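> Following this message is one structure expressed as structure tokens.
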Amino acid sequence: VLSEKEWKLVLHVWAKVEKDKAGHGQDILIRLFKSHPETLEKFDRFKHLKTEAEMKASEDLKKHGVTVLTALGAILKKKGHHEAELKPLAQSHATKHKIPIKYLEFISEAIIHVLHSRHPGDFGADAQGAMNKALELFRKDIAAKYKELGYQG
Ligand code: HEM
């Protein structure tokens, strides 16, 4: 459970993300693919991009960045009350895309990295802890829904 204080720290940082959603989303996916290259194998649509500069130049990767942050932003704004938002995401990521929880840990690490890179003044230890707690709650709840669908990834 996040406190009101922790949610405010999360949603203040998120408001900065929403000022350049496409830039943040693209940088998060590129960070993911750079830090954990195996993750790129899950994306038939992007696995032809070979350099960081090619990924940065990809309008289609950037649009997927917007998808991912729009979905996560809607979940974070529910402050834990996100059953309805997780349902479709759990169904696709468990049974179609087959995304293990360790890859949701990797993308969580990429989110923390990009938000600290872009907002070092306003993303110190307490805001990082609160964002980590929010992403931990997301991963815990989606893992529970994964298992309800029979997926042990
Ligand atoms: C914060 C975490 C994530 C959020 C909010 C998220 C959200 C989304 C959304 C909204 C879609 C489009 C609708 C859908 O199919 O459900 C999507 C598609 C997809 N996601 Fe995720 N995603 C997450 C993490 C990941 C990770 C870590 C991987 C792989 C390592 C992944 C791989 C997939 C793939 C393969 C698609 C289909 C992409 C395509 O259009 O070709 N996702 N994701």
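Chain A is numbered as in Swiss-Prot, which gives 2-154 for the residues shown.
If you're wondering, the header gives X-ray crystallography, 1.6 Å.
Note: Cβ is positioned from N, Cα and C throughout, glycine not excepted.
Below, the features straight out of Swiss-Prot:
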BINDING   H65  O2 binding site
BINDING   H65  nitrite binding site
BINDING   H94  heme b binding site
MOD_RES   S4  phosphoserine
MOD_RES   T68  phosphothreonine
> With an 8 Å cut-off on Cβ-Cβ distance and a minimum sequence separation of at least 6, pull the same-chain contacts of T68 (phosphothreonine), or say none.
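The answer is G26.
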> Fewest neighbouring Cβ atoms within 10 Å: which of the binding-site residues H65, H94?
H65
> Rounded to the nearest Å, what's the C-alpha distance separating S4 (phosphoserine) and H94 (heme b binding site)? Just drop the number here, would you?
28
> Specify the count of other C-beta atoms within 10 Å of the C-beta of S4 (phosphoserine).
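Summing over all protein chains shown, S4 (phosphoserine) has 10 other Cβ atoms within 10 Å.
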> In whole Å, how far is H65 (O2 binding site) from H94 (heme b binding site) when you measure between their Cα atoms?
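That comes out at 15 Å between the alpha carbons.
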> Could you check what DSSP calls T68 (phosphothreonine) once collapsed to helix, strand or coil?
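Looking at the DSSP assignment, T68 (phosphothreonine) belongs to a helix.
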